[PDB]
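Trainee: Would you mind keeping the following structure in view while I ask a few things?
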Amino acid sequence: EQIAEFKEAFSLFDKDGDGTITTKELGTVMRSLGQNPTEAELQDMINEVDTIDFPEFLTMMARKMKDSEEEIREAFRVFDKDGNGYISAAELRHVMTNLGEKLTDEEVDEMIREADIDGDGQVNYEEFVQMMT
Amino acid sequence: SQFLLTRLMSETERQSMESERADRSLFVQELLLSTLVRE
Amino acid sequence: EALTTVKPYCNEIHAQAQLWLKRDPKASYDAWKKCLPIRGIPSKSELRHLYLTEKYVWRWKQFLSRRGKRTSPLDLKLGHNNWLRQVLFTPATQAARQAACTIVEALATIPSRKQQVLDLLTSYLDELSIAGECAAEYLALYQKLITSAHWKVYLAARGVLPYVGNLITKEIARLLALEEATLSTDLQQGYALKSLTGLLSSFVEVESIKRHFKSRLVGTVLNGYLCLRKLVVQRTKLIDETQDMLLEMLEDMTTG
């Protein structure tokens with residue numbers, strides 16, 4: 001029944017009747033079915049595939065209500081810039097500054113220490129996996 | 001017009017003031033939307 | 001909008017008026033501004049990185065608010081009854097309605113907020129019949145906010161065409177029932193019906209909804225047109241205009 005509603009929305013947003021839409025309205029389509037994406041979500045989705053027709057539209061929906069372990073590993077690798085598997089407060093600070101969003105050192109230390117179960121003041125892959133579940 | 005007591009800004013401070021006005025406007029928009037959230 | 005130094009989050013509201021009105025130091029203006037990223041003055045890998053870091057940093061903060069001491073932001077999902085409906089249709093003074101219209105128009109700049117603003121205004125549609133001329137402002141706001149095509153298509157995808165059709169038929173039935181019984185004169189008769197039919201015509205004028213939504217709307221248009229034509233005494237100019245518009249829609253949708 002969900003394929004039917006997805007086809008309903010895609011056809012309703014089909015402008016010229018050819019079964020293909022533009023990517024500037026790409027956000028509004030799943031933005032109308034009830035899910036709320038962000039701008040980075042939109043840019044990642046358009047970059048992954050791309051003018052979109054129904055098949056890859058279904059592929060996009062196929063990976064939204066699902067988190068996959070590959071995604072957690074990819075995030076862990078992106079955070080671990082030096083690739084040693086330990087997320088330091090300096091690397092966290094770098095990623096948050098690249099986001100443009102700002103904190104004090106005390107707050108970063110606090111969120112680091114409340115994310116540790118082994119008490120060593122250092123998060124690892126197993127802690128990340130137990131955290132994101 | 002002869003009364004003395006009747007006769008009682010740069011560009012950098014003007015840009016600063018305009019940015020502050022925009023920031024206050026955004027804060028007031030958020031505050032007003034916060035009272036329309038469903039309880 | 002291009003002058004602010006911070007970018008509000010898409011799906012959250014960080015300002016909390018309930019605590020702010022109680023002089024809570026954590027809900028002050030500086031504390032609010034400290035929670036927002038500064039406005040910043042690219043390959044697939046970089047955008048992927050931005051996506052993952054943003055998502056999982058948000059999850060980390062959600063943890064820290066769930067278990068620690070940092071406050072939780074409110075979710076952007078607006079209630080369907082507030083003071084806004086009361087103010088927008090007040091018959092006491094027109095300037096209050098106009099000022100509220102300007103405020104809510106300014107409240108809808110980033111599309112995430114425009115979602116809730118449009119949804120709430122659409123929910124307010126059934127108030128047209130009760131407060132006929134007093135809604136003149138609200139209509140002008142609503143028709144202003146959907147002047148672009150994709151917003152009309154989004155509203156159609158949420159099922160506003162059956163809503164407007166039901167409202168039109170119900171108030172036409174009310175007109176017939178009133179005409180059958182009494183003989184009073186009302187100088188605002190047919191205002192709500194005229195406005196609703198104009199709204200439906202605007203929704204249908206775009207090609208995609210016209211092609212898609214013709215099979216479920218011919219019955220409503222036909223029945224409304226016949227019931228309007230049956231009127232013989234409680235007829236005003238607005239009712240003639242509504243009949244003309246309804247006939248035009250009937251002719252247009254019956255081709256192909």
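Chain labels follow the order of the structure tokens: the first chain is A, the next B, and so on; residue numbering restarts at 1 in every chain, and ligands are counted from 1 in their shown order.
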Counting only C-alpha atoms, a student should be able to say which residues of chain B come within 8 Å of chain C; what is the right answer, written as JSON, numbers by chain?
Mentor: {"B": [18, 19, 20, 22, 23, 26, 27, 29, 30, 31, 32, 33, 34, 35, 36, 37, 38, 39]}
Trainee: List every residue of chain B that DSSP, applied to the backbone of this structure, assigns to alpha helix (DSSP H), and report them as a ChimeraX atom specification.
Mentor: /B:12-34
Trainee: Keeping only C-alpha atoms, write the selected residues as a CSV table (one decimal), in the first residue's frame.
Mentor:
chain,number,residue,atom,x,y,z
B,12,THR,CA,30.5,50.3,11.5
B,13,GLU,CA,28.1,50.7,14.3
B,14,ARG,CA,25.3,51.0,11.7
B,15,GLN,CA,26.1,47.6,10.3
B,16,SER,CA,26.4,46.2,13.8
B,17,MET,CA,23.0,47.7,14.7
B,18,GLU,CA,21.4,46.3,11.6
B,19,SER,CA,22.7,42.8,12.4
B,20,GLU,CA,21.5,43.1,16.0
B,21,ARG,CA,18.1,44.1,14.8
B,22,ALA,CA,17.9,41.1,12.6
B,23,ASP,CA,19.0,38.8,15.4
B,24,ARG,CA,16.4,40.2,17.8
B,25,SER,CA,13.7,39.8,15.1
B,26,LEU,CA,14.7,36.1,14.7
B,27,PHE,CA,14.6,35.6,18.5
B,28,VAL,CA,11.1,37.2,18.7
B,29,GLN,CA,9.9,34.9,15.8
B,30,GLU,CA,11.1,31.8,17.7
B,31,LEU,CA,9.5,33.1,20.9
B,32,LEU,CA,6.2,33.6,19.2
B,33,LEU,CA,6.3,30.2,17.5
B,34,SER,CA,7.1,28.6,20.8
Trainee: What does the structure give for the distance between CA of residue 2 (chain A) and CA of residue 208 (chain C), in Å to one decimal?
Mentor: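 Between CA of residue 2 (chain A) and CA of residue 208 (chain C) the gap is 21.4 Å.
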Trainee: Any idea which chain A residues end up within 9 Å of chain C if we count only C-alpha atoms, as an MDAnalysis selection string please?
Mentor: chainID A and resid 8:9 11:17 25 28:29 31:33 36:41 43:44 47:48 71:72 74:75 78:79 95:96 98:103 111 114:115 131:132
Trainee: Could you please take those selected residues and save C-alpha atoms as a JSON list (two decimals), in the first residue's frame?
Mentor:
[["chain", "number", "residue", "atom", "x", "y", "z"],
["A", 8, "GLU", "CA", 0.42, 8.90, -5.86],
["A", 9, "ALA", "CA", 2.77, 11.59, -4.56],
["A", 11, "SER", "CA", 2.46, 11.51, -10.05],
["A", 12, "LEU", "CA", 0.91, 14.48, -8.26],
["A", 13, "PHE", "CA", 4.30, 16.20, -8.39],
["A", 14, "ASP", "CA", 4.89, 15.16, -12.01],
["A", 15, "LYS", "CA", 4.81, 18.47, -13.88],
["A", 16, "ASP", "CA", 4.83, 17.61, -17.59],
["A", 17, "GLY", "CA", 3.17, 14.20, -17.28],
["A", 25, "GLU", "CA", 11.04, 20.02, -6.06],
["A", 28, "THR", "CA", 8.88, 18.63, -1.42],
["A", 29, "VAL", "CA", 7.92, 15.09, -2.46],
["A", 31, "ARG", "CA", 8.56, 16.51, 2.49],
["A", 32, "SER", "CA", 4.82, 16.00, 1.78],
["A", 33, "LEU", "CA", 4.44, 12.30, 2.71],
["A", 36, "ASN", "CA", 11.11, 15.95, 7.46],
["A", 37, "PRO", "CA", 14.54, 16.21, 5.79],
["A", 38, "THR", "CA", 17.24, 18.86, 6.28],
["A", 39, "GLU", "CA", 19.21, 20.71, 3.63],
["A", 40, "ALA", "CA", 22.25, 18.46, 4.03],
["A", 41, "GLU", "CA", 19.92, 15.46, 3.69],
["A", 43, "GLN", "CA", 22.07, 17.62, -0.99],
["A", 44, "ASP", "CA", 23.30, 14.14, -0.09],
["A", 47, "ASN", "CA", 24.26, 13.87, -5.13],
["A", 48, "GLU", "CA", 23.84, 10.13, -4.56],
["A", 71, "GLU", "CA", 26.58, 4.14, 8.27],
["A", 72, "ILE", "CA", 27.83, 3.96, 11.86],
["A", 74, "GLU", "CA", 31.41, 5.53, 8.04],
["A", 75, "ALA", "CA", 30.57, 8.15, 10.68],
["A", 78, "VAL", "CA", 34.82, 10.52, 9.41],
["A", 79, "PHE", "CA", 35.15, 11.52, 13.07],
["A", 95, "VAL", "CA", 34.37, 18.63, 13.39],
["A", 96, "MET", "CA", 32.08, 20.91, 15.41],
["A", 98, "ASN", "CA", 33.57, 22.68, 10.57],
["A", 99, "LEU", "CA", 29.86, 22.46, 11.32],
["A", 100, "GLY", "CA", 30.17, 26.11, 12.31],
["A", 101, "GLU", "CA", 28.57, 25.46, 15.70],
["A", 102, "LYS", "CA", 30.47, 26.54, 18.80],
["A", 103, "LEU", "CA", 31.03, 25.25, 22.35],
["A", 111, "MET", "CA", 29.92, 15.47, 26.69],
["A", 114, "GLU", "CA", 29.39, 11.36, 29.78],
["A", 115, "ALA", "CA", 29.91, 9.19, 26.68],
["A", 131, "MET", "CA", 25.58, 4.78, 21.93],
["A", 132, "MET", "CA", 23.85, 4.97, 18.56]]
Trainee: Excluding region 164-181 of chain C and its own-chain neighbours fewer than 6 positions away, which residues fall within 9 Å of it when counting only C-alpha atoms? Please give them as a PyMOL selection string.
Mentor: chain C and resi 125-126+129+189-190+192-193+196-197+199-200+217+220-221+223-224+227-228+230-234
Trainee: What gap, in Å, lies between CA of residue 129 (chain A) and CA of residue 109 (chain A)?
Mentor: 20.0 Å
Trainee: If I take CA of residue 7 (chain A) and CA of residue 121 (chain C), how far is one from the other in Å, to one decimal?
Mentor: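 Computing it gives 27.3 Å between the two atoms.
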Trainee: Please provide as a PyMOL selection string all residues within 7 Å of region 49-58 of chain A, with the sequence filter that same-chain residues fewer than 3 positions apart are discarded (counting only C-alpha atoms).
Mentor: chain A and resi 19-23+45-46+61-62
